[PDB]
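Coming up, as structure tokens: structure 1 and structure 2, two forms of one and the same protein chain.
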Structure 1
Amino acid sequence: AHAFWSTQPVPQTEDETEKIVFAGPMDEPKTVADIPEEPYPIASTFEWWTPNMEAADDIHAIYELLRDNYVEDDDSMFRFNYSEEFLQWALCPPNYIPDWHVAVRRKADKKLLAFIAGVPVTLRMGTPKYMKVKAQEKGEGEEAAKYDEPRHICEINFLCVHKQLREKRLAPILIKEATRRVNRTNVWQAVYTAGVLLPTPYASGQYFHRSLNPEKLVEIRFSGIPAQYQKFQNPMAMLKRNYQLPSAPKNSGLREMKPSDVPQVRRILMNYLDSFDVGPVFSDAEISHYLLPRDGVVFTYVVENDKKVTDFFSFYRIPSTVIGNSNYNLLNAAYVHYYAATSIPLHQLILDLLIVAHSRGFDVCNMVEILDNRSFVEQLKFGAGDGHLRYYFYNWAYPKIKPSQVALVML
């Protein structure tokens, strides 16, 4: 039933997943020298291309492929429209490996047909707390602890095949070539997320959304006026009042993050992320890159009191193309990124995120139920969406975990 995934080192079923007791590799141990030197064979009318992500033209080519051919909703109404500036940010973090960005071009005209991207991440991915307890009960602690140390692996994103080339088995070719390029650098695990169900997630979470501009969301059919709003004389006025927010932040000590904040933000974030079973480890350079504000891309605020940063939050922008609406062309969404609260309840910190996003022209705030995101859903009027995000590893056995044990945000 899976002609490609049946051949790969991933858990093949839930049954098998349910029996996994320790973190560790699935495949035969290999070395760089075992891996083919030459790119995987491809049809003579195509060619491999490694884009230069500091070439504006190269970024633009990737941008147009994704604009026209990347993830849609299930009803042909919206398609993500990651910006060029976003793509440069996401695909070029500190110590990125240019060779991990893999494209296929039509040899004739250099038309971009397919793309997949890999970036480095340092991930805690050892045996989860609940399974370490089971291991102690069996006298198997050392086994359970073997892969505790953070590992330098690959994060995969932006897999895309042009609509005219779908269902021709090009995606497997891309995945095999990205795998080869990663393994040639002595890395043997990857982490990736997808909405679709593949063999086999180690975690899954629902999406949640919080309306910031209900008038617009209703006009574009992101939202409807919910049935209960009918018994009302005037549905929309009531809807706007429900989702109204303050014009200005409520925490007095809130301001935008600046470079001098990097060490303190690193400390409070890393202390917080320690409480989750799977999560990233960031250097100062990686905190700088992923969290310092960038116009139109990522937005980060700290709470500072007595000259100390005590809390922070970040969000990033992914707009979508609205297909066929005579009033609007774009949906402007804000996505909850990393945060840490030490001084105030998390709901009070994230209310200021909603206030800031609204004041900056965002239409909706999205998130997945990872981290402690469930703790502020009801008070802050988030609603569950139809969608789910599934978390996967390549070449890593891992026990099933709850999404509230996951701390990796994927863009």
Structure 2
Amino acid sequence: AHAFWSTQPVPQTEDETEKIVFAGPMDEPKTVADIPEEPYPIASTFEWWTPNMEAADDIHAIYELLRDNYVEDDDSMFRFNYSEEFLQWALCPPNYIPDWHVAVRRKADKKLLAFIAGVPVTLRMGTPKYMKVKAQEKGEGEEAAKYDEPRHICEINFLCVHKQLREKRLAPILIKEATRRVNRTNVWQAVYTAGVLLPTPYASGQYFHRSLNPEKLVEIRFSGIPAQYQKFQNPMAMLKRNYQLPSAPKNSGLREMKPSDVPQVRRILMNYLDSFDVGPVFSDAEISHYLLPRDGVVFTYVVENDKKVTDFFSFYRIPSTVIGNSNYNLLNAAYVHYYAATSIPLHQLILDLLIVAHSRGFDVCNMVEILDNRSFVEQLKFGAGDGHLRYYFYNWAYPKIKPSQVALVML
């Protein structure tokens, strides 16, 4: 069934995943000295390449590979078109390791044929609360809490093989070479997400989308006057009416985040993230990097009253190519990123996200049902999508958890 994945330290079936009681490594412990020092062998016509993520030309190359060959939805209606500025932001967070960015190029002409990227993340990934309960009833609290300390691991994203090289087993070679480069730095776990089902997710959630420009969503038959709008006299006026938003935020105290807000945002986010079973831990430098506004990339607002930040939200932008549509070639989507509410209902905070996003020209707001995202779906008129996002670890046994116990947003 899986000539590659059966060779790897991941849970091999749902059954296995249902038996797992404690968090911990799957593989034999290893040391850096046991890992090969030489890159994995590859065909003599290809060569490994470590792009320089501060070289414009190198980020452009990666940009073009992904524009034309990265992920499409199962109906090939969309392909992501991550921008060069977004790639620089996602690939170069504080303390990133340039060697974790792995590419294959054709030797002859230096054509980029494949890519995978790893970045550091500090993750809480100890045993979940409801497994730790069952572990007091067993006498077993010490083994259940053994890996509670946040761990410095790798987050994998942007795996891409050029369409002309598909189904030639190049993706396993990429994964093996990234694993080697991460293990050479004494890191032995990774976290990653995918739309597809692989062996074997520890959590899975549906996507949700909120229409902000229903006219456009129609012209690119994603909405297409959704079937339920037919019996209306006037399907489009009703559609716009339903999804209309205010012009300006409703919360007194909302403004863009600025650098002097970083400590307060760190505190309120870390307090909120703590409640979930799997979630990141951010330094002030990581909060600065992932939440300070960057044009075209990430947008973050705080509610400040009486000079205290009490709430905030963020969203980031990923445009998609609209496949087979030259009238409307691009979808401008906003994705809910981290947030924390202490003074207002979450629905009132995220209503202001939608207002801001609409004001700034976004066509749709998307999210996975992680964090407390289900608490505002109905009131804010999100609809469940096609598609899911599945969360995975490499070399980490972990019980199945609901997506509302996951606090890691994956770009």
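For numbering, take structure 1's sequence and count from 1. Think of the rigid core as the biggest set of C-alphas that the two forms share within 1.5 Å after superposition.
Taking the core as reference between structures 1 and 2, the lone member of 141, 296, 263, 226 whose Cα moves by 2 Å or more is 226. Here residue 352 exhibits a Cα shift of 0.1 Å between structures 1 and 2, evaluated on the superposed rigid core. Here the two forms are laid over each other by their core, and the C-alpha of residue 326 is off by 3.7 Å between structures 1 and 2. Note on residue 78: its Cα is shifted 1.4 Å between structures 1 and 2, core used for superposition.
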